[PDB]
Amino acid sequence: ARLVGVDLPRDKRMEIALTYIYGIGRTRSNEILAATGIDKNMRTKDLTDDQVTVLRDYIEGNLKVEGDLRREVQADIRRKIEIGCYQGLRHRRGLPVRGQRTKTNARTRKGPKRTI
Amino acid sequence: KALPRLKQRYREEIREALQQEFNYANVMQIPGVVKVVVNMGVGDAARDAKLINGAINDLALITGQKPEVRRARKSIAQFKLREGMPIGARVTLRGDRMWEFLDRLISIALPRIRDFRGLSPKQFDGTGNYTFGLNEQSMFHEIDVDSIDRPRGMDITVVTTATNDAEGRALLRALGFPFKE
Amino acid sequence: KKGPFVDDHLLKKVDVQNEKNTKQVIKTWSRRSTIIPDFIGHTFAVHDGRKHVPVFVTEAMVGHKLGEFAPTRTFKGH
Amino acid sequence: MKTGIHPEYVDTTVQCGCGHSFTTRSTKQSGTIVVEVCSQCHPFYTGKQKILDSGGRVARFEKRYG
RNA sequence: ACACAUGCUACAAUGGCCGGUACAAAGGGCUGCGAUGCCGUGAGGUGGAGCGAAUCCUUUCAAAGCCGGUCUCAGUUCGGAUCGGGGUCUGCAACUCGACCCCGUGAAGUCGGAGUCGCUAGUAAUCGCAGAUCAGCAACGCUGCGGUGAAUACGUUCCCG
Ligand SMILES: [Mg+2]
Ligand SMILES: [Mg+2]
């Protein structure tokens, strides 16, 4: 259902359903449920409005919203690219930032296997 | 409920606010909402002639009227089109239905947008007529979340009797239009 | 872990900056003082002999030389 | 308006977790709409949160402590 | 911006996650191992009984293995890489300069064509343990170890020696 802007699965447990958010996953949802006092074995078809609101405000207070995290990643990436460092150079060239193999690997970051 | 909520509150509060903000020096000169034109942006025609029915059904349950289709005014070569094909469906709300749609929108749709920031007030033409758009689909709670197959946004233009963009901005501000500066 | 080249001057400067909690650039003069854990991301304007460039130090940068983010030996070839 | 080319039109009351009550004509025959959002914009705070989340200097500071 | 060689991860139900459980041989230790505790999601900050050799970690020894709950056979609770935020072990100095932990991010991979490799009984397969050097690791590699452990073997017409 509508929690922060994303829809949850139809028939799935809570700890796996909360993974749809860009800032919550399996263990994060488990910790949130443990802190809020909600079970994790419940399906995604028996939720209450009060529980929805309490979880929403709890995540908004402890963590930040999915869009917040998205645009924060974007802003950090563009900032580290504009400062003009090694990370920025690698991001501009489409190469790994953590300094790993780049001879034949790094296709996950360079895109499909292109040959020219 | 002789009059809708928006019409009732505008008959006195918005009218007095506008008359105090701009001295018109005579009655009948205060700006007022004339109509609301909602058009379903389409153009996938020439490749699928079924989604037009879905667009019409979406305009239905969103506006208390039967939308009509506007045919191609001219055949284009680059974009696949043909003179006479139904390209887009519109509704022209006015009166009690217009006020009802406006208040329902302002109350449910705008706060329902994902990552909603607001509406820009610069979307004003040279005649105090506002224009904005719903991006993907399903901003109102009349259509089921699962009853929709693909996103089909729309464009809503409120035509009021505001001779100036400043007058239109003041009218919308008096109304429940959330603006961001 | 013995006493490193901590640049006592820079160390005390960073200590007082952390105490007063005023986010501002610190004009440094050394280039090999990135060791003591007391440097809470204090942005050092380093002196490479030519000018002072403002560069903020990061986590992976913890440990590296102060003036080593960009190539200090300016040379491209073209 | 014509005879029946449009769907039913009846009044409906909208509720919220904060107690905000609204009433307007719509197509819902149930006449009750329990919604999680009404004329009280939590985006008003969500935007300031979007803005406050920014800042890389503070992250550098904290996660360095070096 | 690419190609070749050798290994790991897998591609899902003989499966994934959580809780409870049993035996193996092999030792790395003197500026190294380091059990009980304090607090920690966890690397780990406090640290010492004990060691030129059974009082001490590698446990009075692990994984596959057995019992219960759940996922309902799908790009997913399979797979884990890139990437961002919160940290740790070494040494003065880890983006170019290791490894490891927590949170999110969730791409290719649906057992693979032309071609080709290893295996005759404790063999293949599968699982982990330990070590050579380092204060700090690229170590998935190279060597030894054993846990559970299969089917075929008309025959040399036939590809290679
Ligand atoms: Mg609300
Ligand atoms: Mg499948």
# chains A, B, ... in the order shown; residues from 1 in each chain; ligands from 1

call {"tool": "residues_near_ligand", "arguments": {"ligand": "ligand 2", "cutoff": "8 Å", "atoms": "only C-alpha atoms (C1' of nucleotides) and all ligand atoms", "output": "PyMOL selection string"}}
result
chain E and resi 12+73-75+110

call {"tool": "residues_around", "arguments": {"residues": "residue 106 in chain B", "least_positions_apart": "2", "cutoff": "12 Å", "atoms": "only C-alpha atoms (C1' of nucleotides)", "output": "ChimeraX atom specification"}}
result
/B:5-6,99-104,108-113,118-119,139-140,172-173,175-179 /D:22,24,37-41

call {"tool": "closest_atom_pairs", "arguments": {"of": "chain C", "to": "chain E", "cutoff": "7 Å", "atoms": "only C-alpha atoms (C1' of nucleotides)", "output": "tab-separated table"}}
result
residue	atom	partner	partner_atom	distance
C:4	CA	E:92	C1'	4.8
C:5	CA	E:92	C1'	6.4
C:35	CA	E:92	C1'	7.0
C:60	CA	E:95	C1'	6.1
C:61	CA	E:95	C1'	6.8
C:63	CA	E:93	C1'	5.6
C:64	CA	E:93	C1'	6.1

call {"tool": "residues_around", "arguments": {"residues": "residue 64 in chain B", "least_positions_apart": "2", "cutoff": "7 Å", "atoms": "only C-alpha atoms (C1' of nucleotides)", "output": "compact mmCIF listing (two decimals) with N, CA, C and O atoms, in the first residue's frame"}}
result
# COMPACT_ATOMS: atom_id res chain seq x y z
N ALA B 60 -13.43 9.97 -17.19
CA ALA B 60 -14.61 9.63 -16.42
C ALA B 60 -14.19 9.12 -15.04
O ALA B 60 -13.12 8.54 -14.87
N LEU B 61 -15.05 9.38 -14.05
CA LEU B 61 -14.75 9.09 -12.65
C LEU B 61 -13.76 10.10 -12.09
O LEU B 61 -13.48 10.11 -10.89
N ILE B 62 -13.22 10.96 -12.95
CA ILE B 62 -12.42 12.10 -12.53
C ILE B 62 -13.18 13.41 -12.73
O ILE B 62 -13.07 14.33 -11.92
N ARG B 97 -20.39 21.86 -10.95
CA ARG B 97 -19.45 20.77 -11.22
C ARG B 97 -18.02 21.27 -11.25
O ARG B 97 -17.10 20.60 -10.76
N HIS D 6 -23.31 9.15 -17.67
CA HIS D 6 -22.32 9.36 -16.63
C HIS D 6 -22.57 8.39 -15.47
O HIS D 6 -23.69 7.89 -15.31

call {"tool": "closest_atom_pairs", "arguments": {"of": "chain E", "to": "chain A", "cutoff": "6 Å", "atoms": "only C-alpha atoms (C1' of nucleotides)", "output": "tab-separated table"}}
result
residue	atom	partner	partner_atom	distance
E:82	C1'	A:109	CA	5.6
E:84	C1'	A:73	CA	5.5
E:104	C1'	A:23	CA	5.1

call {"tool": "write_last_selection", "arguments": {"atoms": "N, CA, C and O atoms (P, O5', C5', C4', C3', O3' and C1' of nucleotides)", "output": "PDB file, in the first residue's frame"}}
result
ATOM      1  P     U E  82      32.315  -4.090  -5.717  1.00  0.00           P
ATOM      2  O5'   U E  82      31.648  -3.034  -6.706  1.00  0.00           O
ATOM      3  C5'   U E  82      32.161  -2.842  -8.016  1.00  0.00           C
ATOM      4  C4'   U E  82      31.403  -1.773  -8.759  1.00  0.00           C
ATOM      5  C3'   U E  82      31.176  -0.471  -8.006  1.00  0.00           C
ATOM      6  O3'   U E  82      32.309   0.383  -8.037  1.00  0.00           O
ATOM      7  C1'   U E  82      29.154  -1.161  -9.020  1.00  0.00           C
ATOM      8  P     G E  84      30.861   5.982  -4.203  1.00  0.00           P
ATOM      9  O5'   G E  84      29.701   6.451  -3.216  1.00  0.00           O
ATOM     10  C5'   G E  84      29.084   7.722  -3.371  1.00  0.00           C
ATOM     11  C4'   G E  84      27.852   7.854  -2.512  1.00  0.00           C
ATOM     12  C3'   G E  84      28.077   7.850  -1.006  1.00  0.00           C
ATOM     13  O3'   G E  84      28.499   9.103  -0.497  1.00  0.00           O
ATOM     14  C1'   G E  84      26.326   6.366  -1.531  1.00  0.00           C
ATOM     15  P     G E 104      19.247  -2.846   4.680  1.00  0.00           P
ATOM     16  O5'   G E 104      19.195  -1.765   3.510  1.00  0.00           O
ATOM     17  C5'   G E 104      18.282  -0.680   3.566  1.00  0.00           C
ATOM     18  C4'   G E 104      18.627   0.401   2.573  1.00  0.00           C
ATOM     19  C3'   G E 104      18.633  -0.006   1.108  1.00  0.00           C
ATOM     20  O3'   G E 104      17.337  -0.066   0.538  1.00  0.00           O
ATOM     21  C1'   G E 104      20.566   1.263   1.581  1.00  0.00           C
TER      22        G E 104
END

call {"tool": "select_by_dssp", "arguments": {"residues": "chain C", "states": "strand (DSSP E)", "output": "MDAnalysis selection string"}}
result
chainID C and resid 26:27 44:47 52:54

call {"tool": "write_last_selection", "arguments": {"atoms": "N, CA, C and O atoms", "output": "tab-separated table (two decimals), in the first residue's frame"}}
result
chain	number	residue	atom	x	y	z
C	26	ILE	N	41.10	26.08	7.35
C	26	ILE	CA	42.28	26.28	8.19
C	26	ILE	C	43.49	26.33	7.28
C	26	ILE	O	43.81	25.35	6.59
C	27	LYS	N	44.17	27.48	7.25
C	27	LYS	CA	45.33	27.67	6.40
C	27	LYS	C	46.52	26.93	6.99
C	27	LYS	O	47.09	27.36	8.00
C	44	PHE	N	41.59	21.67	5.42
C	44	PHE	CA	42.90	22.32	5.42
C	44	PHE	C	43.17	22.91	4.04
C	44	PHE	O	43.17	22.18	3.04
C	45	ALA	N	43.41	24.21	3.99
C	45	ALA	CA	43.96	24.86	2.80
C	45	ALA	C	45.47	24.65	2.83
C	45	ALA	O	46.18	25.30	3.60
C	46	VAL	N	45.94	23.71	2.02
C	46	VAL	CA	47.34	23.29	2.06
C	46	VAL	C	48.17	24.23	1.19
C	46	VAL	O	47.68	24.84	0.24
C	47	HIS	N	49.45	24.35	1.54
C	47	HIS	CA	50.40	25.19	0.82
C	47	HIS	C	51.39	24.28	0.10
C	47	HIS	O	52.31	23.73	0.73
C	52	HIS	N	47.02	28.26	-2.27
C	52	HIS	CA	46.21	27.50	-1.33
C	52	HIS	C	44.90	27.13	-2.02
C	52	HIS	O	44.10	28.02	-2.35
C	53	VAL	N	44.68	25.84	-2.22
C	53	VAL	CA	43.45	25.33	-2.84
C	53	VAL	C	42.58	24.74	-1.74
C	53	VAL	O	43.08	23.95	-0.92
C	54	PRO	N	41.28	25.08	-1.66
C	54	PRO	CA	40.41	24.50	-0.63
C	54	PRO	C	39.92	23.12	-1.05
C	54	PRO	O	39.16	22.98	-2.02

call {"tool": "interface_residues", "arguments": {"of": "chain C", "to": "chain A", "cutoff": "10 Å", "atoms": "only C-alpha atoms", "output": "list in words"}}
result
residues 54, 55, 56, 60, 68, 69, 70 and 71 of chain C

call {"tool": "atom_distance", "arguments": {"atom1": "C1' of residue 136 in chain E", "atom2": "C1' of residue 98 in chain E"}}
result
6.6 Å

call {"tool": "interface_residues", "arguments": {"of": "chain C", "to": "chain D", "cutoff": "9 Å", "atoms": "only C-alpha atoms", "output": "list in words"}}
result
residues 23, 34, 35, 36, 37, 38, 39, 40, 41, 42, 43, 56, 57, 58, 59, 60, 61, 62 and 63 of chain C

call {"tool": "select_by_dssp", "arguments": {"residues": "range 19-102 of chain B", "states": "helix (DSSP H, G or I)", "output": "list in words"}}
result
residues 19, 20, 21, 51, 52, 53, 54, 55, 56, 57, 58, 59, 96, 97, 98, 99, 100, 101 and 102 of chain B

call {"tool": "interface_residues", "arguments": {"of": "chain D", "to": "chain A", "cutoff": "12 Å", "atoms": "only C-alpha atoms", "output": "VMD selection string"}}
result
chain D and resid 15 to 18 34 to 37 42 to 43 45 to 57 59 to 60

call {"tool": "residues_around", "arguments": {"residues": "range 85-87 of chain E", "least_positions_apart": "2", "cutoff": "8 Å", "atoms": "only C-alpha atoms (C1' of nucleotides)", "output": "PyMOL selection string"}}
result
(chain D and resi 63) or (chain E and resi 101-103)

call {"tool": "write_last_selection", "arguments": {"atoms": "C-alpha atoms (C1' of nucleotides)", "output": "PDB file, in the first residue's frame"}}
result
ATOM      1  CA  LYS D  63      32.974   9.858   9.577  1.00  0.00           C
TER       2      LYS D  63
ATOM      3  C1'   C E 101      31.755  -4.928   9.456  1.00  0.00           C
ATOM      4  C1'   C E 102      26.553  -2.253   9.546  1.00  0.00           C
ATOM      5  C1'   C E 103      22.452   0.293   6.356  1.00  0.00           C
TER       6        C E 103
END

call {"tool": "residues_around", "arguments": {"residues": "range 56-58 of chain A", "least_positions_apart": "5", "cutoff": "9 Å", "atoms": "only C-alpha atoms (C1' of nucleotides)", "output": "count of residues only"}}
result
6

call {"tool": "residues_around", "arguments": {"residues": "residue 29 in chain D", "least_positions_apart": "6", "cutoff": "8 Å", "atoms": "only C-alpha atoms (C1' of nucleotides)", "output": "MDAnalysis selection string"}}
result
chainID D and resid 8 10 12

call {"tool": "residues_around", "arguments": {"residues": "range 126-134 of chain E", "least_positions_apart": "2", "cutoff": "9 Å", "atoms": "only C-alpha atoms (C1' of nucleotides)", "output": "ChimeraX atom specification"}}
result
/E:26-28,58,62-64,136-137,143-149

call {"tool": "atom_distance", "arguments": {"atom1": "CA of residue 63 in chain B", "atom2": "CA of residue 93 in chain B"}}
result
7.9 Å

call {"tool": "atom_distance", "arguments": {"atom1": "CA of residue 22 in chain B", "atom2": "CA of residue 157 in chain B"}}
result
23.8 Å
